[PDB]
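**Student:** Protein chains in written order, with the working numbering: chain A, 45 to 1040; chain B, 125 to 156; chain C, 672 to 962.
Yeah, the Cβ is synthetic: ideal placement off N, Cα and C, and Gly gets one too.
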Amino acid sequence: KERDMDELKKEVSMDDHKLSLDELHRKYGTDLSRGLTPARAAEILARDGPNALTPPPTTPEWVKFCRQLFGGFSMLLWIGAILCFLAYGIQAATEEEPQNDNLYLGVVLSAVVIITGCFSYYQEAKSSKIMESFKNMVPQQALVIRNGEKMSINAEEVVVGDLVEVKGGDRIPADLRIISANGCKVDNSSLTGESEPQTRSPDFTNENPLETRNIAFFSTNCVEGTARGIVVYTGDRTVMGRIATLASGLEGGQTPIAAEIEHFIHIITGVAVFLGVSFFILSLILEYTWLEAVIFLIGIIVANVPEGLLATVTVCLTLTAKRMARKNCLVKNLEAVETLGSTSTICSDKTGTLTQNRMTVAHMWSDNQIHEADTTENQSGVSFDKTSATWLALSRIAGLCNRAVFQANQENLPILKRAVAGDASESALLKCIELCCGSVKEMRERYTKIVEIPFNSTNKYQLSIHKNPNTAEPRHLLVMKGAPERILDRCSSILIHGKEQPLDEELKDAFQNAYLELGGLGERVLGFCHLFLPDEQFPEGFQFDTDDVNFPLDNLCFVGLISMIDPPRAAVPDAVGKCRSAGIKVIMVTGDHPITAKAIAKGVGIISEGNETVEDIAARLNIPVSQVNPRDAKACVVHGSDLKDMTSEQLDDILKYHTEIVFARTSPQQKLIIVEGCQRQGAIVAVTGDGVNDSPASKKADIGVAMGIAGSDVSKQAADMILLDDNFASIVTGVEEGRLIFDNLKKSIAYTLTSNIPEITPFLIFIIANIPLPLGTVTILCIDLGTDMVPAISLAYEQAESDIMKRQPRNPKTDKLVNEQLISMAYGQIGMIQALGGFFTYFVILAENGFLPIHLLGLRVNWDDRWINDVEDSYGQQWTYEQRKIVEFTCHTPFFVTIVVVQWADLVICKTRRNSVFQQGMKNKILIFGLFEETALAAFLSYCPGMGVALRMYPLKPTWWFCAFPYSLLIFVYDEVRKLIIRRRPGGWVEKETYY
Amino acid sequence: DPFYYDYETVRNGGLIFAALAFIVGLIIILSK
Amino acid sequence: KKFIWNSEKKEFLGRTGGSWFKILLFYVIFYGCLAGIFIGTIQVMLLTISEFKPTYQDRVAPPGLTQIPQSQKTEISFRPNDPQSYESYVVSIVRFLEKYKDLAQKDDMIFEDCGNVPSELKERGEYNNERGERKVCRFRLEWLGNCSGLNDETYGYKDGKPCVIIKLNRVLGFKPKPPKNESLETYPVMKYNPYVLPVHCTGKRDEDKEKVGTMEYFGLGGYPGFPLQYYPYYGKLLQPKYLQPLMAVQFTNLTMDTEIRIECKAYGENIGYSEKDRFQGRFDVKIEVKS
Ligand SMILES: C[C@H]1O[C@@H](O[C@H]2[C@@H](O)C[C@H](O[C@H]3[C@@H](O)C[C@H](O[C@H]4CC[C@@]5(C)[C@H](CC[C@@H]6[C@@H]5C[C@@H](O)[C@]5(C)[C@@H](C7=CC(=O)OC7)CC[C@]65O)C4)O[C@@H]3C)O[C@@H]2C)C[C@H](O)[C@@H]1O
Ligand SMILES: *[C@@H]1O[C@H](CO)[C@@H](O[C@@H]2O[C@H](CO)[C@@H](O)[C@H](O)[C@H]2NC(C)=O)[C@H](O)[C@H]1NC(C)=O
Ligand SMILES: *[C@@H]1O[C@H](CO)[C@@H](O[C@@H]2O[C@H](CO)[C@@H](O)[C@H](O)[C@H]2NC(C)=O)[C@H](O)[C@H]1NC(C)=O
Ligand SMILES: CC(C)CCC[C@@H](C)[C@H]1CC[C@H]2[C@@H]3CC=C4C[C@@H](O)CC[C@]4(C)[C@H]3CC[C@]12C
Ligand SMILES: CC(C)CCC[C@@H](C)[C@H]1CC[C@H]2[C@@H]3CC=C4C[C@@H](O)CC[C@]4(C)[C@H]3CC[C@]12C
Ligand SMILES: CC(C)CCC[C@@H](C)[C@H]1CC[C@H]2[C@@H]3CC=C4C[C@@H](O)CC[C@]4(C)[C@H]3CC[C@]12C
Ligand SMILES: *[C@@H]1O[C@H](CO)[C@@H](O)[C@H](O)[C@H]1NC(C)=O
Ligand SMILES: [Mg+2]
Ligand SMILES: [Mg+2]
Ligand code: NA
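#1: Report the option in A/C601, A/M403, A/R854, A/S469 whose CA atom is closest to the CA atom of A/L521.
#2: Less than 7 Å separating the Cβ of A/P1010 from some heavy atom of ligand 5?
#3: Count the other CB atoms within 10 Å of the CB of A/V834; is the residue buried (16 or more) or exposed (fewer)?
#4: Show which residues of chain C have a CB atom less than 8 Å away from the CB atom of A/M997.
#5: For B/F146 and chain C, any beta-carbon pair shorter than 8 Å?
#6: In three-state terms, what does DSSP make of A/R190?
#7: Can you confirm whether the region 918–929 of chain C touches the region 880–892 of chain C when touching is taken to mean that 3 or more C-beta pairs between the two stretches lie within less than 8 Å?
#8: Going by C-alpha to C-alpha distance, which of C/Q776, C/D955, C/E946, C/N941 sits closest to C/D729?
#9: Cβ closer than 9 Å: which chain B residues qualify as neighbours of C/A732?
#10: What does A/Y841 touch in chain B if you count any residue whose Cβ is under 9 Å from its own?
#11: Is any heavy atom of ligand 2 found at a distance shorter than 7 Å from the C-beta of C/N822?
#12: Hey, is A/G133 close to ligand 10, as in C-beta under 7 Å from one of its heavy atoms?
#13: At a CB-CB cut-off below 7 Å, which residues of chain C make contact with A/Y925?
#14: Over the uninterrupted beta strand (DSSP E) stretch that includes A/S537, give me the two end residues.
#15: Exposed or buried, A/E489, counting other C-beta atoms within 10 Å across all chains shown (16 or more means buried)?
#16: Note down, in chain order, each residue of its chain lying with its Cβ closer than 6 Å to the Cβ of A/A355, except the 5 sequence neighbours on either side.
#17: Is the beta carbon of A/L995 sitting closer than 8 Å to the one on A/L981?
#18: Taking the continuous alpha helix (DSSP H) assigned at A/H310, which residues delimit it?
#19: Between which two residues does the beta strand (DSSP E) harbouring A/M487 extend?
#20: Could one say the Cβ of C/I933 lies closer than 8 Å to chain A's Cβ atoms, at least one of them?
#21: Measure from the C-beta of C/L705 to each C-beta in chain A and report whether the shortest distance is under 8 Å.
#22: Where does A/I197 fall in DSSP's three states?
#23: Is the CB of A/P1002 under 8 Å away from at least one CB in chain B?
#24: For a contact meaning CB atoms closer than 8 Å, what does C/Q915 contact in chain B?
#25: Count the C-beta pairs between the region 364–375 of chain A and the region 775–788 of chain A that are closer than 8 Å, then say yes if the count reaches three, no if not.
#26: Compare the C-alpha of A/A750 against each of A/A641, A/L384, A/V182, A/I766 and name the closest.
#27: Less than 6 Å between C-beta atoms, sequence neighbours within five positions excluded: which residues of the same chain meet that for A/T256?
#28: Between C/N924 and ligand 3, is the CB less than 7 Å from at least one heavy atom?
#29: Does the distance between the C-beta of C/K862 and the nearest non-hydrogen atom of ligand 7 fall short of 7 Å?
#30: What residue from A/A125, A/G684, A/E693 has the CA that sits closest to A/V156's CA?
#31: Which residues, in chain order, does the region 863–879 of chain C contribute to contact with chain B at a C-beta distance below 9 Å?
#32: Would you say the region 755–766 of chain A touches the region 371–379 of chain A, given that touching needs at least three Cβ pairs under 8 Å?
#33: Tell me which residues share the same chain as A/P100 and place their Cβ nearer than 8 Å to its Cβ, disregarding the 5 neighbours each side in the sequence.
#34: In terms of alpha-carbon separation, which member of C/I700, C/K947, C/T825, C/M861 lies closest to C/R766?
#35: Flag A/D764 as yes when its Cβ comes closer than 7 Å to any non-hydrogen atom of ligand 10, and as no otherwise.
#36: Check the C-beta distance from A/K430 over to A/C391 and give it rounded, since I have them as a contact under 8 Å.
Next up, the structure:
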């Protein structure tokens, strides 16, 4: 009965914060100023569990090893090995001197699955081994007030209903209920997704427990100020606890690559049992008994199983995963490497993933003119004109009138990614001055501060006064900053290029429109002004104490507005554009304010410049918003408050009739519903996030991508891919590699599937025409697990035939990894020519040694006999047993060589699916080495001392090595003209029937 | 007698070719 | 999803009718061209070989040594009383010697009377077709004394003390070369070393050599071997109805109700052996006359 437990977690949380202080004191029974007694503390601590998320479900190493020993591809080889021991059981107990070929093969198939499990397991486990090196769990302490005394205990030693105090810089331990605030600003970024530092007030503000201000949250950090509260929720019953436990209990789904592998096995066994059954019935119709026919059935079906294709595909995926690890893109799953390419809808998180999740100085308003600043994390953009008097004024208004400085170790760290204490706004301003205006150390101490006036609770303004060390004027310098409404009410002078002017409305309205431009853009604007103090009314000894009116509040000189916002990450816009360039539907999913979400969406590409929403049209026509037709709005913003009152059909409609969607104010449990909505269409979903709100989303999606450093640990663990460097362009890299490895995979499949026809046809016509065995078992192993290993792996190294980032994403119902065209090529045409080429060399060796092909009919009866040492050929010669068996084995060896020779041309025609070998180019050095290794290995398996003994692969007369050349060249020419007709005729006969 | 094939000549030659074709591919994958 | 059989928009087994015809026609033309190509190349291959000689003859360098009772495991186990116990043997012996009767070798245009004494080799020119159909030297059953008889349709053979004739593997152009007069300890044999290929039987270990008491050999004129006047072979095309030499071996003093191993080793310079092929040159048999 765990279904009800998960269902009670998918629902949005409820609370009881909206209570009076006396009612709360009665419900929890705790002194609001002294707290509770330590006895009651330990009494609860040993009553419901310590304040800490219960550990994740430990995964023993033998479990995931056995996991790698199963699955889709491995299970096929398991039924094959079991069928080998079954056929061997039928062969041992029923006939004399049974041949050890079947058992010899069964153990090999088992070893194939086991070794593949060892390699793949060591790989997937290595990905988690480097993950255990990223958990830097520093046990932090909490400040709890108990028995009237403040004490710092461990966060796990905290109980329910106890007084807790926080200092600006501390992390909120458990979920509290704010009872006494003082300039408290917490960071609910990793949880609800609120970007700007949200303030916390003891009064009840909103019915929703998340948007309200009287609740402190788990894993949130106190940015500035102090606050008191009562611990309402502890342990897993917390907000982020109820989210983490939800992510740990959700389903993973089925990767698309796994579905393609399953369907591929379906076709493989579909034709395997078809040929095995039709030939079993045909064999019984001929002459063979049930005993023999069963062995034939098992042989035909098992032979149709690509034995080596398992490891070649596993390595094929591991190689592509290596390039992911090089670019700091870790994949915990060995198949999730491909999922980015088959993706068609990306649900990205705004704060932390799309944006830098850090307040930064956006624009300026110098000389009645907007000036955009560099808002990149690595500082690689256009710089504003920084050589004017208005700049030297404004920069000092920021470099002096600000309560923000650096810290101890902040000396070698970069200018932006360094720790700064104080307000987020003041930190951003300090950074922009420390970068675009020299330094602030000597620039701040050069002006000895006299008096300061901090921000007010009402009419927020921060002013101060400083001395003037300029060697041109010994007067004073008064500076002030504040909201753009506080500076407009206390100013009359205006600065321009160095001189002053009145507050003329012709330029004051020019200030108002510039305020609404930076305001409607989702940014927070600030005003900076200063005024000279006459040294004749306030000489260099008058200490204007902070009591009464000592400075001229009005007649100040305004320098310019300075807006700010959390900017998007560096390559995020270009990357989003690249995704849309391929056809990937980008949908922003965040729980922040729509005012900022829409602005950042416009600034990254999720909202195209020109497309309007249902509200934008109404605002453009001065008409009620409920009149316009939603079909006229290509894009739409969805307020999460409205999403609560929606059904499945409605969200389906939101995604069907709107191309650009922006979900705002969405709860963590709602992101799950959004992802499921995008999945109800039938498309592939990739959710990129960082905070804990993206944990259930990054878990239910087909693939979850978490940020490596700027993301929490819950969502990072519950994800399928991690961007260790937070470079969002790795998403574009991933989708490129996913489509690349998909097509290259098809090529490797067609390669290994082509060799099956010449591997099985000798045994088929062996039964029909009753000729001596043309191809042995060990030789087949030398082909599937020997020579063809390097070619198949080298085929994965092929590059793009055309621009893959241009074509639309693959359709899951139409574009399959193994379509019926591929089987018509490998099993149908190519492999058939290879089989004929092998039978050619067969008849060549036998006819040259005295057994003409016409005479080989019905000869296997006495040929396979061990004691008939007087078998007649076409010349009348009598061959013994070993003398004719030597010819049979030295006939298997050139058949093996023949397969290698035709596989040369097959590997080259498989290198290009649509292009020509001349167009593409033999630059795949892995493939070149594949051909040379394949050839030299085949030659070594024939001319080495003891091959005719260990493997019965006797040496070959040099004339045999050329019996396969015409068939190989034939295959090359036919497939080349096929790829040529597909080039000149993009119609579809040669395409829709063969082009796989 | 025609009932004898100098197998050692072809075998030794095939081994030398097998060694050369392998080391050539090795040099191929070592572009330096 | 697996009921794509048909629809009202024409699909059968997955595709339409016109598509089935297009694909079937293409595959028929394609496979027809493939068959024609394979046949043409196999024809060129047929043009690279002659009718009077196999190109490669090195895989039959050491000729074999077979026997008449092609036993399932080279073992002769029967009862001296029960006639049905040894029927499988006698049937094969009669069918083998059915082509050696005096009535079978009656045409004088294809048969030539070699002689009652083993003589030198008979080379009938080259192996080409410039000459007509070569002659085959006759070999009457009378040469194998005590293992031929003048019996009726059923050759009443030996129940006690059985007979096992040996035969040298027929090889084209092979000229047998008996060992030099400097015989390196070859188990007492007659002094007719120059015109007959010697073949001597023996046990296999100290036990088999003791159980087998006495052996009597029979051949052309009384020599235990094959006369050189019947070699070399000129192929089935140029010498049809050819009769290779035969030599019988009878085991008189055997230990009844005991399986004993016999190794009949043929000696000569052009006769090789093999530790892997117990039939190349030598020959093994497991006789057991259980009463
Ligand atoms: C009752 C009478 O029995 C009289 O003996 C007979 C009977 O007992 C009947 C008895 O037939 C055998 C024999 O012909 C040998 C004949 O042998 C063929 C089938 C069994 C094989 C072991 C063998 C060697 C290749 C091998 C198959 C098994 C397959 O599964 C393969 C492993 C398969 C692969 C699958 C894959 O994944 O890769 C390749 C391709 C072919 C294969 O490589 C060929 O299989 C046939 C079933 O021949 C004996 C001589 C004696 C007296 O007359 C007595 O009175
Ligand atoms: C062939 O078998 C006959 C028996 O039918 C053997 O004739 C006997 O020979 C011995 C001498 O070895 C005489 O003592 C007997 O009197 C003979 N008996 C008969 C009935 O003739 C003959 O020796 C055998 N031939 C060979 C070459 O061993
Ligand atoms: C044939 O073999 C028998 C043995 O089966 C020989 O006769 C035996 O000789 C030993 C003495 O060495 C006696 O102990 C046995 O009693 C004899 N048995 C019989 C049945 O006589 C006999 O000498 C052999 N004869 C020939 C010609 O080889
Ligand atoms: C031993 C002998 C008799 C077996 C004969 C099997 C031949 C006739 C079979 C084997 C595989 C078959 C082909 C398998 C693949 C294709 C593509 C498919 O979409 C239509 C059928 C078609 C075109 C088949 C035509 C007939 C075919 C070539
Ligand atoms: C249209 C053109 C290019 C096709 C011409 C066919 C050529 C390439 C084919 C036809 C017959 C073939 C030959 C058939 C006979 C022999 C002898 C044999 O023991 C080895 C193979 C060898 C040496 C073949 C080499 C390639 C060959 C000459
Ligand atoms: C299509 C072309 C470019 C591929 C080049 C590779 C060909 C020409 C090479 C690959 C393997 C080679 C063979 C390797 C083995 C033998 C046995 C040796 O004792 C004599 C040479 C001989 C008979 C070679 C003939 C040439 C050969 C067939
Ligand atoms: C072999 O030597 C013997 C004497 O040792 C002699 O009688 C016989 O004629 C010789 N045979 C040949 C062919 O030289
Ligand atoms: Mg986030
Ligand atoms: Mg295979
Ligand atoms: Na997952």
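**Tutor:** Once the coordinates are examined:
#1: Within the first sequence, residue 521 of chain A is the residue found at index 477, counting from 1. Residue A/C601 is the option with its Cα nearest to A/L521.
#2: On the first sequence, residue 1010 of chain A is found 966 positions in, with the first residue counted as 1. Checking every heavy atom of ligand 5 against the Cβ of A/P1010, one is found closer than 7 Å.
#3: Reading the first sequence from its first residue, position 790 is the one you call residue 834 of chain A. Looking at its Cβ environment, which holds 16 or more other Cβ atoms inside 10 Å, A/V834 is buried.
#4: Reading the first sequence from its first residue, position 953 is the one you call residue 997 of chain A. Those within 8 Å of A/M997 in chain C number zero; the least Cβ separation is about 16 Å.
#5: Walking along the second sequence from the start, residue 146 of chain B turns up at place 22. Output row for B/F146: interface = no.
#6: Here the question's residue 190 of chain A lines up with position 146 in the first sequence. Looking at A/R190 - three-state DSSP - the assignment turns out to be strand.
#7: yes
#8: Here residue 729 of chain C is taken as the residue at index 58 of the third sequence, counted from 1. Checking every option, the nearest Cα to that of C/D729 belongs to C/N941.
#9: The count along the third sequence starts at 1 and reaches residue 732 of chain C at position 61. Result: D125, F127, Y128, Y129.
#10: The residue labelled residue 841 of chain A in the question sits at position 797 within the first sequence. Residues of chain B passing the Cβ test: none, with the nearest at roughly 11 Å.
#11: Taking the first residue of the third sequence as 1, we reach residue 822 of chain C at position 151. No, since every heavy atom of ligand 2 falls outside the 7 Å radius drawn around the Cβ of C/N822.
#12: As a position in the first sequence, residue 133 of chain A is number 89, starting the count at 1. For ligand 10, not one heavy atom lies less than 7 Å from the Cβ of A/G133.
#13: Working through the first sequence from its first residue, we reach residue 925 of chain A at position 881. Ordered by position in chain C, the residues that pass the 7 Å Cβ test against A/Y925 are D948, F950.
#14: Locating residue 537 of chain A in the first sequence gives position 493, counting from the first residue. A/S537 -> beta strand (DSSP E) spans 535–540.
#15: The count along the first sequence starts at 1 and reaches residue 489 of chain A at position 445. Classification of A/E489: exposed, given that the 10 Å Cβ count is below 16.
#16: One-based indexing of the first sequence puts residue 355 of chain A at position 311. Cβ neighbours of A/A355 beyond the five flanking positions: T160.
#17: Start at 1 with the first residue of the first sequence, and residue 995 of chain A comes out as number 951. Start at 1 with the first residue of the first sequence, and residue 981 of chain A comes out as number 937. No, Cβ-Cβ distance for A/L995 and A/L981 is not below 8 Å.
#18: Against the first sequence, residue 310 of chain A aligns to sequence position 266. A/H310 -> alpha helix (DSSP H) spans 300–330.
#19: Taking the first residue of the first sequence as 1, we reach residue 487 of chain A at position 443. Counting along the chain, A/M487 falls outside any beta strand (DSSP E), though it belongs to the alpha helix (DSSP H) covering 485–489.
#20: Residue numbering aside, residue 933 of chain C sits at position 262 when the third sequence is read from its first letter. Not closer than 8 Å to any Cβ of chain A, the Cβ of C/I933 fails to qualify, so no.
#21: Translated into positions along the third sequence, residue 705 of chain C becomes position 34. Judged by the 8 Å Cβ criterion, C/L705 is in contact with chain A.
#22: The residue labelled residue 197 of chain A in the question sits at position 153 within the first sequence. Correct three-state label for A/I197: strand.
#23: Along the first sequence, one-based indexing puts residue 1002 of chain A at 958. Yes, because at least one Cβ of chain B sits closer than 8 Å to the Cβ of A/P1002.
#24: On the third sequence, residue 915 of chain C is found 244 positions in, with the first residue counted as 1. Near C/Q915 there are no residues of chain B at all, since even the closest Cβ is about 17 Å away, more than 8 Å.
#25: yes
#26: Along the first sequence, read from residue 1 onward, the residue named residue 750 of chain A stands at position 706. Ranking A/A641, A/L384, A/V182, A/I766 by Cα distance to A/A750 puts A/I766 first.
#27: Position 212 of the first sequence, counted from the first residue, corresponds to residue 256 of chain A. Excluding residues within five positions, the ones whose Cβ falls inside 6 Å are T249, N250.
#28: Position 253 of the third sequence holds residue 924 of chain C. For ligand 3, at least one heavy atom lies less than 7 Å from the Cβ of C/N924.
#29: Counted from its first residue, the third sequence places residue 862 of chain C at position 191. Yes - ligand 7 has a heavy atom lying nearer than 7 Å to the Cβ of C/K862.
#30: By 1-based counting over the first sequence, the position of residue 156 of chain A is 112. Ranking A/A125, A/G684, A/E693 by Cα distance to A/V156 puts A/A125 first.
#31: none
#32: yes
#33: By one-based count along the first sequence, residue 100 of chain A stands at place 56. Answer for A/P100: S292, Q761, listed in chain order.
#34: The sequence position of residue 766 of chain C within the third sequence is 95, counting from 1. Ranking the options by Cα distance to C/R766, first place goes to C/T825.
#35: Numbered from 1 along the first sequence, position 720 holds the residue referred to as residue 764 of chain A. Yes, the beta carbon of A/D764 sits closer than 7 Å to at least one heavy atom of ligand 10.
#36: In the first sequence, counting from the first residue as 1, residue 430 of chain A sits at position 386. In the first sequence, counting from the first residue as 1, residue 391 of chain A sits at position 347. So it is not a contact: roughly 40 Å between Cβ atoms.
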